[PDB]
> 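The following block contains the structure, expressed as structure tokens.
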Amino acid sequence: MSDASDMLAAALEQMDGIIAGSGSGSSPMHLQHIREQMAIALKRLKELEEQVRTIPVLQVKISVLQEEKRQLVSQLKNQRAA
Amino acid sequence: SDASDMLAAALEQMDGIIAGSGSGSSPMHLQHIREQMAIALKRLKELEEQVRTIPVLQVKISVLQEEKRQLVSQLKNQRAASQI
């Protein structure tokens with residue numbers, strides 16, 4: 001359970017408070033704090049962008065196993081027929 | 001979609017403001033950073049939901065592999081009876 005989405009939501013909320021506060025809160029610490037949270041979210045985002053690339057691969061691997069199973073089933077059925 | 005690029009861009013502008021390398025820190029610039037962060041968050045949540053399917057697909061792979069091993073053993077048993 002990654003907290004990345006919550007850290008980005010939190011940094012987004014602070015950013016909204018600064019924008020609605022006419023740039024107040026743009027302190028070096030607060031900007032660095034928001035920055036660090038943005039970095040956590042980005043790193044998790046890139047890991048997820050790589051992960052979802054594997055879903056199409058897993059789906060084809062499943063179709064391969066289904067065809068391999070299907071060929072075994074037909075051979076088993078024919079042998080059981082005679 | 002391109003949200004990871006938008007967040008990287010917002011990170012670069014934020015670092016340009018923090019380091020003082022001429023990147024603009026007006027409310028407009030902060031507004032632009034905000035909007036990029038918002039798109040990235042929406043994409044991030046969508047991806048957190050998507051990757052949950054990977055354990056499900058992997059179980060489907062393990063189930064099919066087990067079914068194959070069991071079909072092989074029945075096929076060997078049945079190829080023997082066909083000689084009777």
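Below, each value reflects all heavy atoms present in this structure, side chains not excepted, and no hydrogens, waters or symmetry copies. Below, chains carry the letters A, B, ... as their sequence lines are ordered, and counting in each starts from 1.
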> With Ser25(B), which residues qualify under side chain to side chain contact (heavy atoms under 4.5 Å, CB included), at least two apart?
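Only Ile17(B) meet the side chain to side chain contact (heavy atoms under 4.5 Å, CB included) criterion with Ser25(B).
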> Which residues satisfy the salt bridge (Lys or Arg N to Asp or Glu O under 4.0 Å) test with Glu68(A), sequence neighbours excluded?
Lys68(B)
> Applying side chain to side chain contact (heavy atoms under 4.5 Å, CB included), name anything that partners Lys76(B), two or more places apart in sequence or on another chain.
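Per chain and number, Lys76(B) pairs via side chain to side chain contact (heavy atoms under 4.5 Å, CB included) with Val72(B), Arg79(B).
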> How long is the span from the CD atom in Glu36(A) to the CG atom in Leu31(A), to the nearest 0.5 Å?
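Spacing of CD (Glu36(A)) from CG (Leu31(A)) equals 11.0 Å.
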> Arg69(B): what forms a side chain to side chain donor-acceptor pair (under 3.5 Å) with it, not counting sequence neighbours?
none
> With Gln66(A), which residues qualify under side chain to side chain donor-acceptor pair (under 3.5 Å), at least two apart?
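Side chain to side chain donor-acceptor pair (under 3.5 Å) check on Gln66(A) returns nothing, list empty.
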> With sequence neighbours excluded, tell me which residues meet salt bridge (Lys or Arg N to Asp or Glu O under 4.0 Å) with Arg44(A).
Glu48(B)
> Sequence neighbours excluded, which residues qualify as side chain to side chain contact (heavy atoms under 4.5 Å, CB included) partners of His29(B)?
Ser26(B)
> Can you see which heavy atom on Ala3(B) is nearest to which on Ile39(B), and at what distance?
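Looks like CB-O, 3.9 Å.
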> Measuring from atom CD of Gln14(A) to atom NE2 of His33(A), what distance do you get when rounded to the nearest 0.5 angstrom?
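Going from the CD atom of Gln14(A) to the NE2 atom of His33(A) covers 4.5 Å.
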> Would you mind listing the cluster partners of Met1(A)? Hydrophobic ones only (ILVMFWY), side-chain contacts under 4.5 Å, chaining allowed.
none
> Quick check: does any side chain N or O of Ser24(A) sit under 3.5 Å from a backbone N or O of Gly21(A), one acting as donor and the other as acceptor?
no
> Report the C-alpha separation of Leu8(A) and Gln37(A) in whole Å, then their side-chain angles, then the decisive distance to 0.1 Å, and conclude whether the side chain to side chain contact (heavy atoms under 4.5 Å, CB included) test is met.
CA-CA 6 Å; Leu8(A) 188 48; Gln37(A) 299 167 302; over 6 Å; no
> Give, for atom OG of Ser4(B) and atom CG of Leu44(B), the distance between the pair rounded to the nearest 0.5 Å.
10.5 Å
> Do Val51(B) and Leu42(A) share a hydrophobic cluster, counting only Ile, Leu, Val, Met, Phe, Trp and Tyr and linking them when any side-chain heavy atoms are less than 4.5 Å apart?
yes
> In Å and rounded to the nearest 0.5 Å, what is the OG to CG distance from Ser82(B) to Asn78(A)?
9.5 Å
> Sequence neighbours excluded, which residues qualify as salt bridge (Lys or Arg N to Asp or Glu O under 4.0 Å) partners of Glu50(A)?
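With sequence neighbours excluded, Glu50(A) shows a salt bridge (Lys or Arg N to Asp or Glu O under 4.0 Å) to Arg53(A), given in chain and number order.
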> If the condition is side chain to side chain donor-acceptor pair (under 3.5 Å), which residues does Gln51(A) pass it with, not counting sequence neighbours?
none
> Quick one: closest heavy-atom pair of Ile61(B) and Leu65(A), and the distance?
CG2-CD1, 3.7 Å
> Rounded to the nearest 0.5 Å, how far apart are CG of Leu47(B) and NZ of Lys46(A)?
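Output value for this atom pair is 13.5 Å.
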> Got a second to check how far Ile55(A)'s CD1 is from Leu57(B)'s CG, nearest 0.5 Å?
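Atom-to-atom, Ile55(A):CD1 and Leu57(B):CG are 6.5 Å apart.
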> Test of understanding: with side chain to side chain donor-acceptor pair (under 3.5 Å), list the residues that count as partners of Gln75(A), not counting sequence neighbours.
none
> Members other than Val57(A) in its cluster, when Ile, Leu, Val, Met, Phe, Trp, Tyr link by side-chain heavy atoms under 4.5 Å?
none
